[PDB]
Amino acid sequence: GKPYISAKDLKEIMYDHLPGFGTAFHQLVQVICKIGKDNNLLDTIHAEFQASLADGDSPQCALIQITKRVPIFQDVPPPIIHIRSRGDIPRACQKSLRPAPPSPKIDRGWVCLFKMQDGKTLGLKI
């Protein structure tokens, strides 16, 4: 197993065992890999991903566990993603949206915040 992994390669590993496309978990992989890359934590995240799968977790469960175990996901907010309309959010995410609370936390299931033109913001939530 690779002691040192790039953000591109980690994304690919995580995508390799997810069903579907444009799901809330695909978005979560992107969020985790960006935060991992920016904070030099990709190998910690990769280690936790592997350890969770070895415990018999689904890859989706493994991603949830990453958000709960790895401290950075308490340290950093869900990223704001600016979008032009509701239709820009992938169809597999459309039934995973809620109005954002004041202080949404990644470890509570808030993947990212889509900020739309009317000033309103829909959080993606698992």
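Numbers for residues come from their place in the sequence shown, where the first is 1.
(request) Decide which of the stretches 91 to 99 and 59 to 67 has the higher mean C-alpha B-factor, going by the entry. (result) Higher mean C-alpha B-factor: 91 to 99.
**Request:** Averaging the C-alpha B factors as listed in the entry, name the stretch that ends up higher: 81 to 89 or 47 to 55.
**Result:** For C-alpha atoms only, the mean B-factor is higher in 81 to 89.
query = What third of its chain's C-alpha B-factors does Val76 belong to: lowest, middle or highest?
reply = According to the entry, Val76 has a C-alpha B-factor in the chain's highest third.
Rank-wise, by C-alpha B-factor, drop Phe25 into the lowest, middle or highest third of its chain.
Lowest third.
- Once the chain's modelled residues are ordered by C-alpha B factor and cut into thirds, is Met116 in the lowest, middle or highest one? According to the entry, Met116 has a C-alpha B-factor in the chain's highest third.
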